[PDB]
Structure formats: C-alpha cells, structure tokens
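Colleague: Chains as they are written, first to last, in the deposited numbering: chain A, 149 to 198; chain D, 740 to 788.
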C-alpha cells in the first residue's frame, strides 16, 4: 500500500507483480488490485511460482 | 414529433452532421467514473434506457 503510495510519489502506473510465495502473495495481490481499482488501473502481469 | 401539422421536419437523420452523444462530466480524478459507466451499461443493457 505504501508502494501504492509510491504511485503517488513518482506518478508511476505501469507495474508488474512478482511473488515467490503463494499464501501471502494472493492477499497482497487482492490488496493491490483493491487499491488499483481506485485509480481504475491494473497490474500488467501477476506471477507466482515455487 | 410534436410539430403542429408535422410541418417543421429536419433533413435526413444526421448523416452529414457531427452525430455525437451526451454524457456525465466528472472532475479529473473523480473515483465515481467506473460506477457511473457500469450503471449506464446496465441501464442500456436491459432496455430501461
């Protein structure tokens, strides 16, 4: 969310999600998409793996 | 359509004209845009419009 606040710092909009884990990564993706709904934007590509 | 005697009739149906639409003006940065747009798509999508 502070990183979403970083989208208020440098006015950056084009982001890519990369998460190694799976449990916390889904909730982080949910929170990030909830915040990106406010600017009506989305991340480019979400990534989860082993 | 309410002309007395149906005298005053336009030419064509806007073929040689601008043919624009109407909308709801929101301020640049208003978070209400997506809800209003999906509500308009719902109002057209059921014949309520």
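Here a beta-carbon is modelled for each residue, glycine too, at the ideal position from N, C-alpha and C.
Quick check on DSSP: helix, strand or coil for residue 748 of chain D?
Modeller: Three-state result, residue 748 of chain D: coil.
Colleague: In whole angstroms, what is the alpha-carbon distance linking residue 743 of chain D and residue 754 of chain D?
Modeller: The alpha-carbon atoms of residue 743 of chain D and residue 754 of chain D are separated by roughly 25 Å.
Colleague: Quick check: the stretch 759-772 of chain D against the stretch 173-184 of chain A, are at least 3 beta-carbon pairs closer than 8 Å?
Modeller: Judged by Cβ distances under 8 Å, the stretch 173-184 of chain A makes no contact with the stretch 759-772 of chain D, as fewer than three pairs qualify.
Colleague: Rounded to the nearest angstrom, what separates residue 788 of chain D and residue 781 of chain D at their Cα positions?
Modeller: So the alpha carbons of these two residues sit roughly 9 Å apart.
Colleague: My output table needs one value for residue 774 of chain D: the three-state DSSP class, helix, strand or coil.
Modeller: Helix at residue 774 of chain D.
Colleague: Measure how close the beta-carbons of residue 184 of chain A and residue 149 of chain A come, nearest whole angstrom, since I'm counting them as under 8 Å.
Modeller: Not confirmed; about 11 Å, so no contact.
Colleague: Shortest alpha-carbon distance to residue 193 of chain A belongs to which of A/156, A/153 and A/162?
Modeller: Comparing Cα-Cα distances from residue 193 of chain A to each of A/156, A/153 and A/162, the minimum goes to A/162.
Colleague: Which of helix, strand or coil does DSSP assign to residue 196 of chain A?
Modeller: In this structure, residue 196 of chain A counts as strand in the three-state DSSP scheme.
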